[PDB]
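Have a look at the structure below, then the notes.
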Amino acid sequence: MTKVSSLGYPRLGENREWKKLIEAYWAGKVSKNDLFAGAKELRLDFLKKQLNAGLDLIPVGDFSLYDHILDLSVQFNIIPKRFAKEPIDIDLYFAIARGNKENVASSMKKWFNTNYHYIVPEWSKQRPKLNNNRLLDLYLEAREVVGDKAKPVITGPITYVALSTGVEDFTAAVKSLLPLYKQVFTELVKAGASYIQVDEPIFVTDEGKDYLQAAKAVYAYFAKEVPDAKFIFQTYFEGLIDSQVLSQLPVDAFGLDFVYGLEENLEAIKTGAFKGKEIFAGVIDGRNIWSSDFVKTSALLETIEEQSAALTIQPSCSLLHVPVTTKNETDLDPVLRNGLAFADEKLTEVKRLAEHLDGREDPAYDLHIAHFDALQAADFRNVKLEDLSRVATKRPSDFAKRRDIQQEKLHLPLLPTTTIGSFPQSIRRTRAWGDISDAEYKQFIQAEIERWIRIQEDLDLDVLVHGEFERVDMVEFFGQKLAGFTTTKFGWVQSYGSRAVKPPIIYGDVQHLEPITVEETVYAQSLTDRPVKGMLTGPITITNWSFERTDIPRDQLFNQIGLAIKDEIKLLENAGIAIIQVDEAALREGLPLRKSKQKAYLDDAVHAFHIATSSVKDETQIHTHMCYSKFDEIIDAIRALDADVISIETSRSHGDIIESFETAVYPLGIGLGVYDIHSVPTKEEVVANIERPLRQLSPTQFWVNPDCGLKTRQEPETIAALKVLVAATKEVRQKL
Ligand SMILES: [Zn+2]
Ligand SMILES: [Zn+2]
Ligand SMILES: [Zn+2]
């Protein structure tokens, strides 16, 4: 009676066969025939899983060999000018994604506030035309497996245009795509399509508010030209903006996110503005991995049902954003695993919620709730942590007074040189310990640390780092030793192209129990008489890169992690480490979509940082690394962190990134990333980068260092770049 659906499914496959397949093709190890056969096997496999879960409308079209936006580019003839000569085939497809020997790749940007990156369209004089029948082929293919349950999906024109680059005139660009979409949809209906999911997440965002009338024109058009289609104006990631206006779109159904846009959408329907329309209700978390709260969700569905003409139940976004399945996670505690749900498990949940709304009895439903309740009641979610009322949130002495005390203890030269902490890893082959004694691995890493310690000494870098050779992930390396964290055996998620990450799971209260990084850091320091830095990851990054608990508020979690970082920082200081660097490279990525919610997030972020760093002695020097760009946004927050030194990337802007610190008269220490760690710098090239920020703020305030970590670069080029860095700095010193 009540339909269930889904927006999308991962491409990976249970053991990353998709990743191995496309990567093998690029390496010339897999023919075209085996590429497409392999990709077909996967699709059919995925269609069956979704069929067997009981879905009434199974998403078809989101499967891709790299990216769903890129798919539209090639399909709509939006191909970068530099590739305009190539034949339009899969090699050109991958050429745009990865670049060939003559042309660089298209750029990629973040898919909203997710961990996924899409490939950015590059508009030019090119006339939009259909270059294939990609979506029709996929649809007809699916029909043979699932039949009338097949639901074509596609990113809408407005969102596609907004995510693009080079668009001179927005409505003209959008308008030129309409006839293509018309043909696409008309072919699908002819082939038997009914419901067609048309994604417009842009209408959950601030920017979206500029396009309300474009939405009216575009969908009035589709409704006039393809009258037989049942369109699903599909949004996700936040609430529907201007819901009272958009609710008037001439479309059959609306896809609302009741997980990340609960309150806004909830009040959008209580108005009775969707009583004449069908709601596709995003009620299962598509970006996280906890089993649903069935009581909560069922009661929610009842309210939605009475406020709509028809209800269809689905996850809040494409399952693209979660791992495939918990079935093979055999190392997990049963009380935890029975409280987890990845992609496949969510298909089952969505089915069971509908059957319970239709008043069908199923033992699985109450059993699900029982397993849900056990997890909540577990000891690990009831850990007694340090009392926050007995924990400092503000350092005893302010910046100015600390700057003196520290200078008296460190006597670092004007414009000290240093690095963001990490050095190139060669060996990964050694780590496979595979089986090798621990006293061998340690001795191995320690030999490598000494080596680089001498290197930095010769280069005359006055603040050293151990290299982090023992670290493969800046988050999981901590998650491995913090209680309340666990890793998975197979929880992979696509981040961009053939890259995937396997994020930790914060399943319980977070608690520091043992030294995490102290050993390596203390060793390095014993070798030299120059200051060695400790490197840690702040709570923001740790949360954003992990699958976080959803049963406790963001700020509470932040504080828990802050406490652990505090306890680890204590250990470091105890051991004699005098400079400690807290890295936050996810602050941007974790920023809420809506401008109206960013301040509360930043406040949570700043407080937790204070929890982490306010219990150090005045002499101990607190550094924070932030690989961001638009600092003007978070400037107040940054100044709020009260870091002795904050290092940025000024190389890309040639040094003009200081503008925000200039306006805000930043009185704290600033590290200058004067070399892109992604791309050999010239000596005259680096000095200019250094002197730029010297315009307003005083020189006694700056540090010279690379843009970010060096794990990306090769040792040869790394050493050469550092030589130039130190030379450029020394030079600007002589000129006083
Ligand atoms: Zn990423
Ligand atoms: Zn009930
Ligand atoms: Zn505070």
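Going through the structure tokens in order, the chains are called A, B, and so on, while each chain numbers its residues from 1 and the ligands are numbered from 1 in the order shown.
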
Within 12 Å of residue A:447 using only C-alpha atoms, minus same-chain residues under 4 positions, as a list in words:
residues 427, 440, 441, 442, 443, 451, 452, 453, 454, 466, 467, 469, 470, 520, 523, 524 and 527 of chain A

Could those selected residues go to a file with N, CA and C atoms, as a compact mmCIF listing (two decimals), in the first residue's frame?
# COMPACT_ATOMS: atom_id res chain seq x y z
N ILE A 427 58.49 3.34 5.21
CA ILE A 427 57.90 2.76 4.01
C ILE A 427 56.57 2.08 4.31
N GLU A 440 60.73 -4.52 15.96
CA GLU A 440 61.37 -4.32 14.66
C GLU A 440 60.72 -3.13 13.95
N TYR A 441 59.40 -3.09 13.97
CA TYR A 441 58.66 -1.99 13.35
C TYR A 441 59.03 -0.67 14.01
N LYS A 442 58.97 -0.65 15.34
CA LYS A 442 59.35 0.53 16.09
C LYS A 442 60.77 0.96 15.72
N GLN A 443 61.72 0.05 15.85
CA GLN A 443 63.11 0.33 15.49
C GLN A 443 63.20 0.85 14.06
N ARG A 451 66.68 9.83 10.84
CA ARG A 451 67.14 10.26 9.53
C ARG A 451 66.62 11.65 9.22
N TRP A 452 65.30 11.81 9.28
CA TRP A 452 64.68 13.08 8.96
C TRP A 452 65.00 14.17 9.98
N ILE A 453 65.29 13.76 11.21
CA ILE A 453 65.72 14.72 12.23
C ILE A 453 67.06 15.35 11.83
N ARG A 454 67.98 14.54 11.31
CA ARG A 454 69.27 15.07 10.86
C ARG A 454 69.07 15.97 9.64
N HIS A 466 58.60 14.94 13.87
CA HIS A 466 59.08 13.56 13.78
C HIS A 466 58.81 12.92 12.41
N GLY A 467 57.83 13.45 11.69
CA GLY A 467 57.54 12.96 10.35
C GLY A 467 56.23 12.22 10.23
N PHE A 469 55.64 9.19 10.23
CA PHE A 469 55.77 8.00 9.40
C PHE A 469 54.91 6.84 9.90
N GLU A 470 54.58 6.87 11.19
CA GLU A 470 53.78 5.81 11.80
C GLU A 470 52.28 6.02 11.59
N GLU A 520 56.74 8.48 19.93
CA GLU A 520 57.43 8.96 18.74
C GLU A 520 57.95 10.38 18.96
N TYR A 523 60.94 10.59 21.43
CA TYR A 523 62.15 10.06 20.82
C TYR A 523 62.83 11.11 19.94
N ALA A 524 62.09 11.62 18.96
CA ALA A 524 62.61 12.63 18.05
C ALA A 524 63.28 13.75 18.83
N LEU A 527 66.81 13.31 20.25
CA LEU A 527 67.89 13.31 19.27
C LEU A 527 68.50 14.70 19.07

Taking only C-alpha atoms and all ligand atoms into account, report as a list in words which residues have an atom no farther than 8 Å from an atom of ligand 2.
residues 295, 298, 299, 356, 357 and 359 of chain A

Enumerate, as an NGL selection string, the complete set of residues in stretch 339-560 of chain A that a backbone-based DSSP assignment places in strand (DSSP E).
:A and (464-465 or 482-486 or 493-496 or 499-501 or 505-512 or 532-537)

Per DSSP on the backbone, filter stretch 420-559 of chain A down to the residues in helix (DSSP H, G or I) and report them as a VMD selection string.
chain A and resid 438 to 458 476 to 479 518 to 527 539 to 544 554 to 559

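Coordinates place atom CA of residue A:326 at a distance of 22.4 Å from atom CA of residue A:477.
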
Nearby residues (only C-alpha atoms) at most 7 Å from residue A:77, same-chain spacing under 5 positions excluded, as an MDAnalysis selection string
chainID A and resid 128:131

Would you mind exporting the chosen residues as a compact mmCIF listing (two decimals), in the first residue's frame, restricted to N, CA, C and O atoms?
# COMPACT_ATOMS: atom_id res chain seq x y z
N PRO A 128 25.04 22.75 -26.21
CA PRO A 128 24.57 21.54 -25.53
C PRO A 128 23.79 20.63 -26.46
O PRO A 128 22.81 21.06 -27.08
N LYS A 129 24.22 19.37 -26.55
CA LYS A 129 23.50 18.37 -27.33
C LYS A 129 23.71 17.00 -26.70
O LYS A 129 24.72 16.76 -26.04
N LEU A 130 22.76 16.10 -26.92
CA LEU A 130 22.87 14.75 -26.39
C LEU A 130 23.93 13.95 -27.14
O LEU A 130 23.86 13.81 -28.37
N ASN A 131 24.90 13.44 -26.41
CA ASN A 131 25.99 12.67 -27.01
C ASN A 131 25.79 11.17 -26.86
O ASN A 131 26.57 10.38 -27.39

Who sits within 9 Å of stretch 601-605 of chain A, only C-alpha atoms, same chain under 2 positions skipped, as JSON, numbers by chain:
{"A": [539, 540, 554, 555, 556, 558, 559, 587, 590, 591, 592, 597, 598, 599, 607, 608, 609, 610, 634, 637, 641]}

Let me see if you get this right: every residue at most 8 Å from ligand 1, counting only C-alpha atoms and all ligand atoms, written as a list in words.
residues 110, 115, 116, 117, 495 and 496 of chain A
